[PDB]
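Peer 1: Give the three-dimensional model of this entry:
(chains A, B, C and D, ligands or ions: 2)
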Amino acid sequence: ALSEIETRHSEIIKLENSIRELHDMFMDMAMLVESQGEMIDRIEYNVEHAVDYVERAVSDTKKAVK
Amino acid sequence: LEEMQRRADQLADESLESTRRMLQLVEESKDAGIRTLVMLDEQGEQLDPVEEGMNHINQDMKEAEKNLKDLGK
Amino acid sequence: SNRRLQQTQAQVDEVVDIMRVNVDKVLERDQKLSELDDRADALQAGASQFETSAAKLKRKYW
Amino acid sequence: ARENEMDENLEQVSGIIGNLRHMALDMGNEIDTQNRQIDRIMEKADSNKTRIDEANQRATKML
Ligand SMILES: [Ca+2]
Ligand SMILES: [Ca+2]
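Peer 2: Residues are numbered from 1 along each chain as shown, chains lettered A, B, ... in the order given. Ligands and ions are numbered 1, 2, ... in the order given. Sharing the structure here:
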């Protein structure tokens, strides 16, 4: 009958809206994680720089105490 | 009734279209989530050497503090 | 059919709640990563300066 | 045939939603673990900042 058809249609439409919301959330999650990947790239680069600086500095201090 | 017959078939067709859109949406969500998990794994693999760089800096700076104190004595 | 559909809706809503929580977690991850970004930059700067000073000390005390 | 496609599409969607639930849970656990690791790294970074500041001050005084 028409009542059942209309009710099922509205249910499917709201389920599709819910699925749309979940999809948007997954996509935003992906985008956020990539954005943060850029910052982690910078962090790793700078930490490598600092590690090398400090290795050379401590080599120099050891040489000084020799 | 024929008014309601055609309206009913219209609604059934739109419902089918909705389920088809649901399938494409959930497939997109699955690909997005897998991509997210891959990125998270790779970023953790970068985080590990960052932690070890911190530890290396700490060790070396302890050594350098000792050397400096000895230089000034 | 109707019950199947109500249960699918319930599933989707549960996953939506889980992902809302995950988004909160990843925004806090973003905050932590911004702070650590600043710290790492400042740290490599300080280490560069200490390297220069250590080389000068190398000359001065040897 | 339209009814059959609608029903099987809904079942397929439900399965993929199960998959997405598992993925969201794994995502949350991985992010929790990484937040803990980042906190550890931040603590070590603070310690290193303090050590490097004091070492720079000392070396500057000695020069
Ligand atoms: Ca590199
Ligand atoms: Ca890790």
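
Peer 1: use CA for all of it now, contacts and neighbours both
Peer 2: Fine.

Peer 1: May I ask you to confirm that residue A:23 is in contact with residue B:28?
Peer 2: Yes. Contact criterion CA atoms under 8 Å: residue A:23 and residue B:28 qualify, at 7.2 Å.

Peer 1: Looking at these two, which one has more neighbours?
Peer 2: residue A:23 (23 against 15; other CA atoms under 10 Å in any protein chain shown).

Peer 1: so which strand or helix has the more buried one?
Peer 2: Under the criterion of DSSP states H and E, residue A:23 resides in helix A:2-65.

Peer 1: If you count contacts, what does that helix end up packed against?
Peer 2: Helices and strands touching helix A:2-65, as assessed by 3 or more CA pairs under 8 Å, 6 or more residues apart in numbering or on different chains; DSSP states H and E, comprise helix B:2-71, helix C:2-60.

Peer 1: For the ones you listed, give me JSON lines that also has distance to chain A.
Peer 2: Converted to JSON lines, the helices and strands packed on helix A:2-65 look like this (distance: least, CA to the nearest CA, whole Å):
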{"stretch": "helix B:2-71", "distance to chain A": "5"}
{"stretch": "helix C:2-60", "distance to chain A": "4"}
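
Peer 1: Of these, which is nearest residue A:10?
Peer 2: helix B:2-71 (8.6 Å; CA to CA).

Peer 1: Is the closest one in proximity to chain D?
Peer 2: Yes. Helix B:2-71 lies within reach of chain D by CA under 8 Å from any CA of the partner chain, at B:13, B:15-16, B:19-20, B:22-23, B:26-27, B:29-30, B:33-34, B:36-37, B:40, B:44, B:47, B:50-51, B:54-55, B:57-58, B:61-62, B:64-65, B:68.

Peer 1: What subset of those is buried?
Peer 2: By neighbour count, with 16 or more other CA atoms under 10 Å in any protein chain shown, the residues of helix B:2-71 next to chain D hold B:13, B:15-16, B:19-20, B:22-23, B:26-27, B:29-30, B:33-34, B:36-37, B:40, B:44, B:47, B:50-51, B:54-55, B:57-58, B:61-62, B:64-65, B:68 as buried.

Peer 1: Can you give me the neighbour number for residue 41?
Peer 2: All of this is about chain A. 14.

Peer 1: You answered for a different chain; I wanted chain D.
Peer 2: 21.

Peer 1: ditto for residue A:30
Peer 2: 21.

Peer 1: before we move on, what about residue C:62?
Peer 2: 9.

Peer 1: Regarding it, which helix or strand does it belong to?
Peer 2: Counting by DSSP H and E, no helix or strand carries residue C:62.

Peer 1: Now it: closest residue in space, sequence neighbours ignored.
Peer 2: residue A:64 (5.7 Å; CA to CA, 6 or more residues apart in numbering or on different chains).

Peer 1: check contacts around the one you found.
Peer 2: Shown here is residue A:64, whose contacts under the criterion CA atoms under 8 Å, 6 or more residues apart in numbering or on different chains are B:67, B:71, C:57-59, C:61-62.

Peer 1: could you redo the last one with a cut-off of 6 Å?
Peer 2: Contact partners of residue A:64, counting by CA atoms under 6 Å, 6 or more residues apart in numbering or on different chains, are C:58, C:61-62.

Peer 1: what's near enough to touch residue C:11?
Peer 2: Contact partners of residue C:11, counting by CA under 6 Å, 6+ apart, are absent.

Peer 1: how much space between residue A:46 and residue C:37?
Peer 2: In this view, residue A:46 and residue C:37 are 9 Å apart by CA to CA, to the nearest Å.

Peer 1: again with residue D:49
Peer 2: Counting by CA to CA, the gap from residue D:49 to residue C:37 is 13 Å.

Peer 1: do the same with residue C:53
Peer 2: In terms of CA to CA, residue C:53 sits 25 Å off from residue C:37.
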